[PDB]
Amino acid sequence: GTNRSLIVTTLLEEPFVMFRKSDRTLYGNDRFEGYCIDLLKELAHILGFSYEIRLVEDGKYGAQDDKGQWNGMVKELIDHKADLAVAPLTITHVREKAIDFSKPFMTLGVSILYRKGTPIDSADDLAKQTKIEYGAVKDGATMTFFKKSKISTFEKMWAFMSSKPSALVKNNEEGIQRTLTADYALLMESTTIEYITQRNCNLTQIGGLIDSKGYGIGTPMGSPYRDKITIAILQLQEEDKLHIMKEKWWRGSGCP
């Protein structure tokens, strides 16, 4: 109880959480690597706790349906089926009504991922047409941002996204594949766009950031672990350790 391993919910999302490469069949925690796994390992070392990582069954981050029921990792935390959600889980006002978060470990904002070609320059350019289809990950923070916005441009965008079946994708990977195979722009969080555009040289960020917010480790509301994790994060940041950790996982061969 005071000594038990913490249950960690997560999902696969490069370069935050990935299946590490091996010839063996792997099991348990050893299956996973990435920026969020490195962060978890360092926190566990600093704070003297152990854990068991489990993939969220529905593969979702989490949003509310019309009855107010949650899904994804957010629901796992609400139900106390996990102690921590270690993932690029966006800290948002709607989620803070239901779960808690550590202090942010990374800053990001919503922006646009699109193929180099048609020289659109902002969300305003997308909103005023439909030839270039656009969308977001279903039941994530970006979708919820658009759904809740009262800014005219973004209201128009939500009207389109929410009317078009194909527009909301299962996960980043599906969305990225869609930008590569169709005339489709993905509304995506900016540090992920940074990672993707360094590796897929035909993709680019369109325009700037629409907002500026954070990823945090999610916990059930009132968790006894959340504060020590926050203080440890703060201290890692004071020493630039998270910047270094980001460089490790974002580092790579650029583009021509």
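Start at 1 with the first residue shown and count on from there. Between two forms, the rigid core is the largest collection of C-alphas that superpose within 1.5 Å.
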RMS CA shift, core-fitted in 6 other deposited structures of this protein, bigger for 65-73 or for 200-208: 65-73
Core-aligned, RMS over all structures and residues: is 84-92 or 161-169 the stretch with the greater C-alpha displacement in 6 other deposited structures of this protein? 161-169
Looking at the other compared entries that model residues on both sides of it, is residue 253 unmodelled in at least a third of them? yes
Comparing 159-167 with 74-82, the higher average Cα temperature factor in the PDB entry belongs to 159-167
Looking only at CA atoms, which has the higher mean B factor in the entry: 207-215 or 43-51? 207-215
Pick out which of 138, 95, 115, 103 has the highest C-alpha B-factor in the PDB entry. 115
The residue of 110, 182, 91, 99 with the maximal C-alpha B-factor according to the PDB record is 182
Where does the C-alpha B-factor of residue 192 rank in its chain, lowest, middle or highest third? middle
Should residue 244 be placed in the lowest, middle or highest third of its chain by the C-alpha B factor in the entry? highest
By the entry's values, the third containing the CA B factor of residue 66 is the highest
Looking at the entry's B-factor column for C-alpha atoms only, identify whether residue 28 ranks in the lowest, middle or highest third of its chain. middle
In terms of its chain's C-alpha B-factors, the third that includes residue 143 is the middle
